[PDB]
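Coming up is one lone chain in structure tokens, specifically the form deposited in one PDB entry.
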């Protein structure tokens, strides 16, 4: 790997520089190099890994949606034929997005998840696994769509089971997991009622636990709670 000769601490330092410079592809390459050193990641380092790849795949998802929309319009009645180029280029972006998702899933499988024993690491990684299968599901159309969806569901479900047993209902990881599993239900799994029920129960159980929190923890939790509320407003 191109980062094999760089010190772990230098990779982490440069990932933070890349974040400041909004160089998310570099950030992701640095964090991949850090993961491949073989040591477990700290909380901050897990956040860096996620920030880096979320921004990379975010740009790809946004581009994919633009191109897919153009492609679908080209397939309407009365649309002039323009050749294979829209499909080809959508496929190019799609393949690169799938590559990034596969890279993240590979890091999680070799060997972040199997070494993660604490709830805060294990839930974070299983949520990521669900997320990157969800991003794969957004573009899936063939014989493996169902299996990709079930892989996302399975990872989210294992994360949910641990988070409910081991974390308070205000924990931001637990909240962000529930938020994302609810998005999965609504947007991927054709289960809007499950999405709404999960968002509401998650919000209400967190509300009831806010009284236990410091001012700073209250701010962290309410930020994610507001996203649940925003989704419920969109969906109801």
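Numbering follows the first chain given and starts at 1. C-alpha atoms forming the largest set that superposes within 1.5 Å between two forms make up the rigid core.
Visitor: Should residue 78 be counted as unmodelled in at least a third of the other PDB entries compared?
Guide: That residue is missing from at least a third of the other compared entries.
Visitor: Mind pulling up the entry and telling me whether 47-55 or 204-212 has the higher mean Cα temperature factor?
Guide: Stretch with the higher mean C-alpha B-factor: 204-212.
Visitor: Going by the mean C-alpha B-factor recorded in the entry, which is higher: 7-15 or 220-228?
Guide: Comparing 7-15 with 220-228, the higher mean C-alpha B-factor belongs to 220-228.
Visitor: Based on the PDB record, which member of 60, 42, 182, 68 exhibits the highest Cα temperature factor?
Guide: In this record, 68 carries the highest C-alpha B-factor of the candidates.
Visitor: Take the CA temperature factors straight from the PDB entry and tell me which of 127, 153, 90, 114 peaks.
Guide: Within the set 127, 153, 90, 114, 114 shows the top C-alpha B-factor.
Visitor: Tell me, lowest, middle or highest third: where does the Cα B factor of residue 169 rank within its chain?
Guide: According to the entry, residue 169 has a C-alpha B-factor in the chain's highest third.
Visitor: What third of the chain, by the recorded C-alpha B-factor, contains residue 119?
Guide: CA B-factor rank for residue 119: highest third.
Visitor: Residue 131: which third of its chain by C-alpha temperature factor?
Guide: Its C-alpha B-factor belongs to the lowest third of this chain's values.
Visitor: Considering only modelled residues of the same chain, in which third does the CA B-factor of residue 187 rank: lowest, middle or highest?
Guide: Residue 187: CA B-factor falls in the highest third of its chain.
Visitor: Sorting the chain's CA B-factors, does residue 104 end up in the lowest, middle or highest third?
Guide: Lowest third of the chain for residue 104's C-alpha B-factor.
Although it is not shown, the form deposited in another entry is what the next lines describe.
Visitor: After a core superposition, would you say residue 20 shifts its C-alpha by at least 2 Å between the shown form and the other one?
Guide: Residue 20: C-alpha displaced by less than 2 Å between the shown form and the other one.
Visitor: Against the rigid core, is the Cα displacement of residue 213 between the shown form and the other one at least 2 Å?
Guide: Passes the 2 Å threshold, so yes.
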